[PDB]
Amino acid sequence: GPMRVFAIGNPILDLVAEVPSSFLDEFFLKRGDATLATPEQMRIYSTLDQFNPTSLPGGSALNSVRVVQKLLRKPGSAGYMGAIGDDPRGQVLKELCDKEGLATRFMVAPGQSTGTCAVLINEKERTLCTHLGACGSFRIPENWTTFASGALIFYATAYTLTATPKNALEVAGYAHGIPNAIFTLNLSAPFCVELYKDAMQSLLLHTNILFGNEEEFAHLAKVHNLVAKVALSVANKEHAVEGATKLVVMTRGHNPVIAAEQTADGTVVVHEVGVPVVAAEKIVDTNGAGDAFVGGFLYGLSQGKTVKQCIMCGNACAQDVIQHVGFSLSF
Ligand SMILES: Nc1ncnc2c1ncn2[C@@H]1O[C@H](COP(=O)(O)OP(=O)(O)CP(=O)(O)O)[C@@H](O)[C@H]1O
Ligand SMILES: Nc1ncnc2c1ncn2[C@@H]1O[C@H](CO)[C@@H](O)[C@H]1O
Ligand SMILES: [Cl-]
Ligand SMILES: [Mg+2]
């Protein structure tokens, strides 16, 4: 069918810049972390101009769906909903989605600005500091099911919980009642795991595929029981548990990707797939690596490939993205 994957997310503009460690210190940021800007960090946005930053579209789920749309090519192959502000920045994101052929229904929040994320590159790592702005007012429209009619893969990032957990809950609810449809979720960042524990619990029950990195699962283990790689991964599959797709995919930088699935009979299958080596000197920045991996994974899943094949496609998409500035598109 036309629409193959439908997602909700926070559309944001990324401002990328290479900054010295001193900048991280002055802004109270932890290298490699992802957080929402506190009042004191608001000054980071204007101050970046001294570093000649570059700007490009961002937003975790948007980045992912853009990979699926690029690989599927047909207009409306991927659908997306989110909220943008009534400003020139919002217009740039919108124009870009239209030119890429994605199907979108953006909600415009008058009086508010389009979200922005400062992507600070230092050493090799990326640190993210975001100001949601209009993204926080996002509410799914009553007829979203009509816009996404035909889609069998629904995706949401935990980052959408900040606006309200109702959005993702409604999407999962809908998918659940549809046979042959699956709901997929990304843990997004440690902060989401720690702040939205309750909503996540209800959400996990209705999740078919859970994606996240080692750091996110670690917090998920602690916040929940299991505690403890492989064990953490097998651990998380209970949260989704208690043939219906139940799979957990854990990414971890250059280390092998670990996927654990629970088959119909209760058999647990775990795959440990290596990630092709990429010389460090060839890496530009790792911003968007996980989003690219999820996008390649969902596109392959859309084509009926196997779990291992899914993972290989995700790895290939991520390897391309890490060789570019911010979230690029190529292949
Ligand atoms: N050093 C590296 N060498 C090769 N591949 C790497 C890599 N770092 C990341 N990847 C690729 O990226 C995938 C995801 O890595 P990871 O989840 O750790 O990214 P992330 O958490 O940086 C990205 P974002 O900026 O979206 O938040 C891995 O499964 C792998 O395919
Ligand atoms: N709170 C957030 N919600 C959604 N996307 C985000 C958030 N913070 C950072 N991102 C995005 O994560 C991407 C890297 O995975 C960047 O392109 C950035 O725009
Ligand atoms: Cl998002
Ligand atoms: Mg990384």
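Couple of notes before you dig in:
- Shape category assigned to the chain from the gyration tensor of Cα positions, a/c cut at 1.5: rounded
- For segment 1-40: rounded, prolate or oblate by the Cα gyration tensor [a/c cutoff 1.5]: prolate
- Mean residue ellipticity (222 nm) of the chain, computed from DSSP H runs ≥ 4 via -39,500 (n - 2.57), nearest 500: -10500 deg cm²/dmol
- Too-long pairs where the Cα-Cα distance tops 25 Å, listed order kept, from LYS197/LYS246; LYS166/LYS246; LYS237/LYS308; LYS99/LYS308: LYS99/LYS308
- Other residues lying with their Cβ under 9 Å from the Cβ of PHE327 contribute a combined charge of -1, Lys and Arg counting +1, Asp and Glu -1.
- Within a straight-line Cα-Cα reach of under 15 Å, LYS282 can be paired with the following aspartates and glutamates, leaving aside sequence neighbours fewer than 8 residues apart in one chain: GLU123, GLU125, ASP320.
- Within straight-line cross-link reach of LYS94, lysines at Cα separation under 23 Å, skipping those fewer than 8 residues along the same chain: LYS70, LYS74
Note: ideal-geometry Cβ built from the backbone for every residue, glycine included; neighbour counts use all protein chains shown. Just so you know, all these numbers are worked out from the coordinates, no wet-lab data involved.
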